Structures are given as C-alpha cells and as structure tokens.
>>> print(open('structure-v4.pdb').read())   # PDB, C-alpha atoms
ATOM      1  CA  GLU A   1      -0.060   4.284   0.542  1.00  0.00           C
ATOM      2  CA  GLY A   2      -0.793   1.013   2.311  1.00  0.00           C
ATOM      3  CA  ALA A   3      -3.305   2.626   4.667  1.00  0.00           C
ATOM      4  CA  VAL A   4      -6.768   1.629   5.841  1.00  0.00           C
ATOM      5  CA  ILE A   5      -9.262   4.164   4.497  1.00  0.00           C
ATOM      6  CA  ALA A   6     -12.096   4.936   6.960  1.00  0.00           C
ATOM      7  CA  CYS A   7     -15.250   5.568   4.903  1.00  0.00           C
ATOM      8  CA  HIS A   8     -17.508   7.957   6.813  1.00  0.00           C
ATOM      9  CA  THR A   9     -20.139   8.537   4.132  1.00  0.00           C
ATOM     10  CA  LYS A  10     -21.716   6.365   1.433  1.00  0.00           C
ATOM     11  CA  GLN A  11     -20.125   8.787  -1.104  1.00  0.00           C
ATOM     12  CA  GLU A  12     -16.671   8.064   0.377  1.00  0.00           C
ATOM     13  CA  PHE A  13     -17.312   4.320   0.283  1.00  0.00           C
ATOM     14  CA  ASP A  14     -18.580   4.460  -3.315  1.00  0.00           C
ATOM     15  CA  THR A  15     -15.658   6.475  -4.677  1.00  0.00           C
ATOM     16  CA  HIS A  16     -13.059   4.044  -3.255  1.00  0.00           C
ATOM     17  CA  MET A  17     -15.143   1.062  -4.384  1.00  0.00           C
ATOM     18  CA  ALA A  18     -15.302   2.540  -7.901  1.00  0.00           C
ATOM     19  CA  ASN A  19     -11.510   3.189  -7.860  1.00  0.00           C
ATOM     20  CA  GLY A  20     -10.942  -0.480  -6.964  1.00  0.00           C
ATOM     21  CA  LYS A  21     -13.322  -1.760  -9.644  1.00  0.00           C
ATOM     22  CA  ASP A  22     -11.791   0.520 -12.270  1.00  0.00           C
ATOM     23  CA  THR A  23      -8.163  -0.353 -11.475  1.00  0.00           C
ATOM     24  CA  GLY A  24      -8.765  -4.132 -11.070  1.00  0.00           C
ATOM     25  CA  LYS A  25      -7.615  -4.141  -7.456  1.00  0.00           C
ATOM     26  CA  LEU A  26      -8.996  -6.348  -4.748  1.00  0.00           C
ATOM     27  CA  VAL A  27     -10.979  -4.367  -2.166  1.00  0.00           C
ATOM     28  CA  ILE A  28     -11.304  -5.673   1.388  1.00  0.00           C
ATOM     29  CA  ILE A  29     -13.961  -4.058   3.604  1.00  0.00           C
ATOM     30  CA  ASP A  30     -13.773  -4.383   7.371  1.00  0.00           C
ATOM     31  CA  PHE A  31     -17.341  -3.903   8.602  1.00  0.00           C
ATOM     32  CA  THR A  32     -16.615  -2.884  12.154  1.00  0.00           C
ATOM     33  CA  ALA A  33     -18.079  -1.168  15.225  1.00  0.00           C
ATOM     34  CA  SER A  34     -16.607   0.910  18.022  1.00  0.00           C
ATOM     35  CA  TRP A  35     -18.570  -1.118  20.607  1.00  0.00           C
ATOM     36  CA  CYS A  36     -17.204  -4.432  19.317  1.00  0.00           C
ATOM     37  CA  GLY A  37     -14.414  -6.088  21.384  1.00  0.00           C
ATOM     38  CA  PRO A  38     -13.429  -8.587  18.599  1.00  0.00           C
ATOM     39  CA  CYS A  39     -13.329  -5.609  16.206  1.00  0.00           C
ATOM     40  CA  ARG A  40     -10.852  -3.825  18.471  1.00  0.00           C
ATOM     41  CA  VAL A  41      -8.639  -6.934  18.607  1.00  0.00           C
ATOM     42  CA  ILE A  42      -8.478  -7.346  14.806  1.00  0.00           C
ATOM     43  CA  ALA A  43      -8.183  -3.600  13.980  1.00  0.00           C
ATOM     44  CA  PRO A  44      -4.344  -3.315  14.213  1.00  0.00           C
ATOM     45  CA  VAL A  45      -3.989  -6.588  12.249  1.00  0.00           C
ATOM     46  CA  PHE A  46      -6.167  -5.201   9.414  1.00  0.00           C
ATOM     47  CA  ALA A  47      -3.990  -2.046   9.477  1.00  0.00           C
ATOM     48  CA  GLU A  48      -0.833  -4.173   9.177  1.00  0.00           C
ATOM     49  CA  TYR A  49      -2.377  -6.116   6.226  1.00  0.00           C
ATOM     50  CA  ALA A  50      -2.975  -2.719   4.523  1.00  0.00           C
ATOM     51  CA  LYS A  51       0.800  -2.037   4.722  1.00  0.00           C
ATOM     52  CA  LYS A  52       1.669  -5.585   3.625  1.00  0.00           C
ATOM     53  CA  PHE A  53      -0.580  -5.395   0.540  1.00  0.00           C
ATOM     54  CA  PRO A  54      -0.278  -1.857  -0.894  1.00  0.00           C
ATOM     55  CA  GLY A  55      -1.676  -3.255  -4.220  1.00  0.00           C
ATOM     56  CA  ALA A  56      -5.117  -3.906  -2.625  1.00  0.00           C
ATOM     57  CA  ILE A  57      -7.543  -1.373  -1.178  1.00  0.00           C
ATOM     58  CA  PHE A  58      -8.470  -1.685   2.537  1.00  0.00           C
ATOM     59  CA  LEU A  59     -11.710   0.027   3.590  1.00  0.00           C
ATOM     60  CA  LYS A  60     -13.111   0.423   7.099  1.00  0.00           C
ATOM     61  CA  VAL A  61     -16.875   0.866   7.444  1.00  0.00           C
ATOM     62  CA  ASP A  62     -18.379   1.514  10.864  1.00  0.00           C
ATOM     63  CA  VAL A  63     -21.792  -0.242  10.775  1.00  0.00           C
ATOM     64  CA  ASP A  64     -23.392   2.448  12.986  1.00  0.00           C
ATOM     65  CA  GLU A  65     -22.136   5.210  10.716  1.00  0.00           C
ATOM     66  CA  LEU A  66     -23.117   3.628   7.399  1.00  0.00           C
ATOM     67  CA  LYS A  67     -26.230   1.659   8.429  1.00  0.00           C
ATOM     68  CA  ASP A  68     -27.427   1.470   4.829  1.00  0.00           C
ATOM     69  CA  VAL A  69     -24.143   0.075   3.474  1.00  0.00           C
ATOM     70  CA  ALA A  70     -23.975  -2.554   6.259  1.00  0.00           C
ATOM     71  CA  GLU A  71     -27.581  -3.483   5.475  1.00  0.00           C
ATOM     72  CA  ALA A  72     -26.952  -3.665   1.699  1.00  0.00           C
ATOM     73  CA  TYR A  73     -24.093  -6.144   2.378  1.00  0.00           C
ATOM     74  CA  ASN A  74     -26.193  -8.243   4.788  1.00  0.00           C
ATOM     75  CA  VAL A  75     -23.668  -7.803   7.649  1.00  0.00           C
ATOM     76  CA  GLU A  76     -24.967  -9.973  10.522  1.00  0.00           C
ATOM     77  CA  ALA A  77     -21.937 -10.521  12.803  1.00  0.00           C
ATOM     78  CA  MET A  78     -19.079  -8.219  13.746  1.00  0.00           C
ATOM     79  CA  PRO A  79     -16.513  -7.890  12.428  1.00  0.00           C
ATOM     80  CA  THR A  80     -17.279  -9.047   8.885  1.00  0.00           C
ATOM     81  CA  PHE A  81     -14.623  -8.811   6.121  1.00  0.00           C
ATOM     82  CA  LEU A  82     -15.956  -8.654   2.597  1.00  0.00           C
ATOM     83  CA  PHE A  83     -13.734  -9.216  -0.464  1.00  0.00           C
ATOM     84  CA  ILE A  84     -14.714  -7.343  -3.618  1.00  0.00           C
ATOM     85  CA  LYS A  85     -13.344  -7.809  -7.142  1.00  0.00           C
ATOM     86  CA  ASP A  86     -14.681  -6.033 -10.250  1.00  0.00           C
ATOM     87  CA  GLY A  87     -17.174  -4.258  -7.951  1.00  0.00           C
ATOM     88  CA  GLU A  88     -18.834  -7.544  -6.868  1.00  0.00           C
ATOM     89  CA  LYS A  89     -18.650  -9.531  -3.632  1.00  0.00           C
ATOM     90  CA  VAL A  90     -16.419 -12.608  -4.125  1.00  0.00           C
ATOM     91  CA  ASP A  91     -15.711 -13.769  -0.554  1.00  0.00           C
ATOM     92  CA  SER A  92     -16.116 -13.075   3.165  1.00  0.00           C
ATOM     93  CA  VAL A  93     -14.620 -13.893   6.530  1.00  0.00           C
ATOM     94  CA  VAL A  94     -16.906 -13.561   9.529  1.00  0.00           C
ATOM     95  CA  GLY A  95     -15.017 -12.717  12.727  1.00  0.00           C
ATOM     96  CA  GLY A  96     -11.427 -11.777  13.542  1.00  0.00           C
ATOM     97  CA  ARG A  97      -9.879 -14.819  11.880  1.00  0.00           C
ATOM     98  CA  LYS A  98      -6.351 -13.463  11.242  1.00  0.00           C
ATOM     99  CA  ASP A  99      -4.982 -16.351   9.227  1.00  0.00           C
ATOM    100  CA  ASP A 100      -8.153 -16.837   7.093  1.00  0.00           C
ATOM    101  CA  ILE A 101      -8.106 -13.137   6.165  1.00  0.00           C
ATOM    102  CA  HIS A 102      -4.412 -13.298   5.166  1.00  0.00           C
ATOM    103  CA  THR A 103      -4.968 -16.501   3.154  1.00  0.00           C
ATOM    104  CA  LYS A 104      -7.913 -14.999   1.278  1.00  0.00           C
ATOM    105  CA  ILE A 105      -6.026 -11.785   0.393  1.00  0.00           C
ATOM    106  CA  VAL A 106      -3.074 -13.705  -1.011  1.00  0.00           C
ATOM    107  CA  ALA A 107      -5.295 -16.173  -2.903  1.00  0.00           C
ATOM    108  CA  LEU A 108      -7.631 -13.543  -4.407  1.00  0.00           C
ATOM    109  CA  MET A 109      -4.819 -11.216  -5.417  1.00  0.00           C
ATOM    110  CA  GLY A 110      -3.271 -14.033  -7.477  1.00  0.00           C
TER     111      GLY A 110
END
>>> encode(input="structure-v4.pdb", output="structure tokens")
Amino acid sequence: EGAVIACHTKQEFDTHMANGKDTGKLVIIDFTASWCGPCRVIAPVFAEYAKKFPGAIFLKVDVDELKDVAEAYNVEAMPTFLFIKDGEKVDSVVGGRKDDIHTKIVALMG
C-alpha cells in the first residue's frame, strides 16, 4: 500500500524479494543503519518514494540487524540503495542521492 517494508529477518527479506521477482515488480532495498546520519536524512524521502511508486516494492534492511544480507550484497557505504529486477541486482545508488534514486526508479520501472 505504498509503504516501506522493514525486513527484520532474512525470512522476511526473502519472502518480499520472492514476491517482487514473481510479480515482475522492481524492488528497491535501502540498506540503512540507525547510527547513520545520512541514512536518517534520506529515510523520509525513501518513504515518500514508496507512496509515489505503489507499483514497486520498497524494502528497508538495517545492516546491523541483517549482517548476512548486507554482506551478501557487498554493502560498503551507508546508505546503499540496491535495485532488483527478476530477483537479480540491476543497479545501485551509494549515498542519499535523492534525484539519482528517483531517476533510477522511473527509468527501471519503464
């Protein structure tokens, strides 16, 4: 319903990722951290993108909660936005680059 889904377990992450893959929707993951200032700044923006693009799935993964998922995706700066289509990584934005994130959503959705 145009909401950011906070994934608190790998199981939670995987079920939403599978839903995206299955339904052909773009999935955007915000790899974030509670200690991260830049993450805080971009958080409400990511939430507003979720409302703006109800046809895409917006996931939030706290890197200290899901250390294995962050590792598997090679997250090495915070925040990192990964773009997933058909289950596979297709793009990324490193840092709270508001315009770049918007541009990439619009472009990858169509």
>>> residues_around(input="structure-v4.pdb", residues="residue A:56", least_positions_apart="6", cutoff="9 Å", atoms="all atoms listed in the file", output="PyMOL selection string")
chain A and resi 2+20+25-28+50+105+109
>>> closest_residue(input="structure-v4.pdb", among="A:36, A:18, A:42, A:63", to="residue A:6", atoms="only C-alpha atoms")
A:63
>>> closest_residue(input="structure-v4.pdb", among="A:80, A:19, A:92, A:9", to="residue A:38", atoms="only C-alpha atoms")
A:80
>>> residues_around(input="structure-v4.pdb", residues="residue A:46", least_positions_apart="2", cutoff="10 Å", atoms="only C-alpha atoms", output="ChimeraX atom specification")
/A:3-4,28-30,39,41-44,48-52,58-60,81,96,98,101-102
>>> write_last_selection(input="structure-v4.pdb", atoms="C-alpha atoms", output="PDB file, keeping the file's coordinate frame")
ATOM      1  CA  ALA A   3      -3.305   2.626   4.667  1.00  0.00           C
ATOM      2  CA  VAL A   4      -6.768   1.629   5.841  1.00  0.00           C
ATOM      3  CA  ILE A  28     -11.304  -5.673   1.388  1.00  0.00           C
ATOM      4  CA  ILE A  29     -13.961  -4.058   3.604  1.00  0.00           C
ATOM      5  CA  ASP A  30     -13.773  -4.383   7.371  1.00  0.00           C
ATOM      6  CA  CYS A  39     -13.329  -5.609  16.206  1.00  0.00           C
ATOM      7  CA  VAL A  41      -8.639  -6.934  18.607  1.00  0.00           C
ATOM      8  CA  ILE A  42      -8.478  -7.346  14.806  1.00  0.00           C
ATOM      9  CA  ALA A  43      -8.183  -3.600  13.980  1.00  0.00           C
ATOM     10  CA  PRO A  44      -4.344  -3.315  14.213  1.00  0.00           C
ATOM     11  CA  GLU A  48      -0.833  -4.173   9.177  1.00  0.00           C
ATOM     12  CA  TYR A  49      -2.377  -6.116   6.226  1.00  0.00           C
ATOM     13  CA  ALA A  50      -2.975  -2.719   4.523  1.00  0.00           C
ATOM     14  CA  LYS A  51       0.800  -2.037   4.722  1.00  0.00           C
ATOM     15  CA  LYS A  52       1.669  -5.585   3.625  1.00  0.00           C
ATOM     16  CA  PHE A  58      -8.470  -1.685   2.537  1.00  0.00           C
ATOM     17  CA  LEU A  59     -11.710   0.027   3.590  1.00  0.00           C
ATOM     18  CA  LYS A  60     -13.111   0.423   7.099  1.00  0.00           C
ATOM     19  CA  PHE A  81     -14.623  -8.811   6.121  1.00  0.00           C
ATOM     20  CA  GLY A  96     -11.427 -11.777  13.542  1.00  0.00           C
ATOM     21  CA  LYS A  98      -6.351 -13.463  11.242  1.00  0.00           C
ATOM     22  CA  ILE A 101      -8.106 -13.137   6.165  1.00  0.00           C
ATOM     23  CA  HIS A 102      -4.412 -13.298   5.166  1.00  0.00           C
TER      24      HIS A 102
END
>>> atom_distance(input="structure-v4.pdb", atom1="atom CA of residue A:35", atom2="atom CA of residue A:11")
23.9 Å
>>> decode(input="structure-v4.pdb", residues="stretch 78-106 of chain A", atoms="C-alpha atoms", output="compact mmCIF listing (two decimals), in the first residue's frame")
# COMPACT_ATOMS: atom_id res chain seq x y z
CA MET A 78 25.72 3.73 4.10
CA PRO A 79 23.11 4.18 2.91
CA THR A 80 23.24 1.96 -0.17
CA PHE A 81 20.16 1.55 -2.43
CA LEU A 82 20.04 -1.62 -4.47
CA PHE A 83 17.64 -2.09 -7.41
CA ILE A 84 16.45 -5.63 -8.06
CA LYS A 85 14.52 -6.94 -11.07
CA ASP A 86 13.68 -10.62 -11.69
CA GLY A 87 15.43 -11.40 -8.37
CA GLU A 88 18.81 -10.06 -9.60
CA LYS A 89 20.71 -6.87 -8.81
CA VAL A 90 20.42 -4.43 -11.75
CA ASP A 91 21.58 -1.10 -10.26
CA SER A 92 22.68 0.78 -7.15
CA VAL A 93 22.97 4.26 -5.71
CA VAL A 94 25.52 4.76 -2.97
CA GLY A 95 24.57 7.56 -0.57
CA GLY A 96 21.49 9.72 -0.07
CA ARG A 97 21.36 10.98 -3.65
CA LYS A 98 17.65 11.95 -3.84
CA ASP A 99 17.47 12.79 -7.52
CA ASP A 100 19.58 9.79 -8.69
CA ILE A 101 17.30 7.42 -6.74
CA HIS A 102 14.16 8.98 -8.28
CA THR A 103 15.67 8.86 -11.79
CA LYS A 104 16.62 5.20 -11.43
CA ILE A 105 13.16 4.17 -10.16
CA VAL A 106 11.40 5.87 -13.06
